[PDB]
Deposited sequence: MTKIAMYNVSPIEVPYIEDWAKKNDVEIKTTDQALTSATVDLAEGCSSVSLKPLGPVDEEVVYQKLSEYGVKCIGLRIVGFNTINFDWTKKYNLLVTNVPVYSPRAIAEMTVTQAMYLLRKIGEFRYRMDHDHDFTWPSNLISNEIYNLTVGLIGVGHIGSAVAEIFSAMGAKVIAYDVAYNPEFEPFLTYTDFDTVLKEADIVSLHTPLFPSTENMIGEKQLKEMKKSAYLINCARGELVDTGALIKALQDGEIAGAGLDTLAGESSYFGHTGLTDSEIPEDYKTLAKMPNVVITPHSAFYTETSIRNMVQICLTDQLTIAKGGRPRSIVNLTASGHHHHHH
């Protein structure tokens, strides 16, 4: 049984070949996306594997899939037209909650210890002293509020709770297994009481610009906001005003609304990076990362491997469908 992959990064190659030989299956691969100009690669193979940057819209692709004997399209991550599929589809729902959880905790502690602000003072003011307004506090004295708790949210809960912090959380769905780490409560109580506020809900119309002006004035003036989820959750202009006028103390971001313009590209002009990024990027009480929270070996390993072991059980008779 043969498999054909698409969208592969050099970092993904070792784990493919490490699996190919382990599960004794022949594998053909390529960095380019699946289109009508690259379906021919799927001759023989039981399954195609993709990690899409965009819609696979054109639909002779699907025709050609099932004519070649492809049993399944398995994604490594809504970019699939579900009507043409009626082949089985799969996805990778969970690869590493702890990767994103760990970035969340990291960015929150950095800000809390006010490291960005000390380095500004040191490097721009040549000022190595300890001002009253830069005093810190221990995590166990603080309380962390989570907006949404799923796979990622709860891991964030388990970590902070392990460090002695009180965690409180608003979700539309009650999970009892999470009760050892957090107290469920309403949205508003989360914003009011919380010393760190961290976003872990999905992206939907009802969830777009969830955090804007109202919400930021509702937070504690000493609080930090953390978004390691999706940029469209935060109204950026509002964030930026809130930060200037000091309605919060800081922000840690792994993502921004309208980020696809420049996140993932290289060699950009000043003119091709937006001014809102340049503004946040300059604030000592902000930290930004290029949507990298997911980026550990475990994530790369499981994105590739979970999907291929899926594909082998479909070349015979799993929950990923």
| query | finding |
| --- | --- |
| In sequence order, the deposited-sequence ranges that have no modelled C-alpha atom | 1, 79-81, 91-93, 325-326, 331-343 |
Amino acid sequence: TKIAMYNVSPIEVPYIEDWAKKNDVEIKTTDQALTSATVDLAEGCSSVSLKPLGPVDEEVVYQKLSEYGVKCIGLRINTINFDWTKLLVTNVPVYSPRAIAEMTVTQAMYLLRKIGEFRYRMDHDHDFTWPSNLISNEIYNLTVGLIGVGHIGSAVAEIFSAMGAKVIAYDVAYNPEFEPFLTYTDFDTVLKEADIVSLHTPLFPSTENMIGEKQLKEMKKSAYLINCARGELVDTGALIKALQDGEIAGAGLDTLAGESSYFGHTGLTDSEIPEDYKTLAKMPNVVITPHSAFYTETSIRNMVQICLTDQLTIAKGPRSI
From here on, numbers count along this sequence of modelled residues.
| property | result |
| --- | --- |
| Of 208-216 and 98-106, the one with larger mean CA B-factor | 208-216 |
| Between the two ranges 158-166 and 129-137, the one averaging a larger CA B factor in the entry | 129-137 |
| Of the residues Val197, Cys72, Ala229, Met122, the one carrying the largest Cα B-factor as recorded | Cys72 |
| Out of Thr38, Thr289, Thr279, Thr296, highest CA B-factor residue | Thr38 |
| CA B-factor placement of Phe187, once the chain's modelled residues are sorted into thirds | middle |
| Entry-reported Cα temperature factor of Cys307, expressed as the chain third it lands in | middle |
| Among modelled residues of the same chain, the CA temperature factor third for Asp254 | lowest |
| Where the record places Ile11 (Cα B-factor, split into thirds across the chain) | middle |
| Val89 - Cα temperature factor, lowest/middle/highest third of chain | highest |
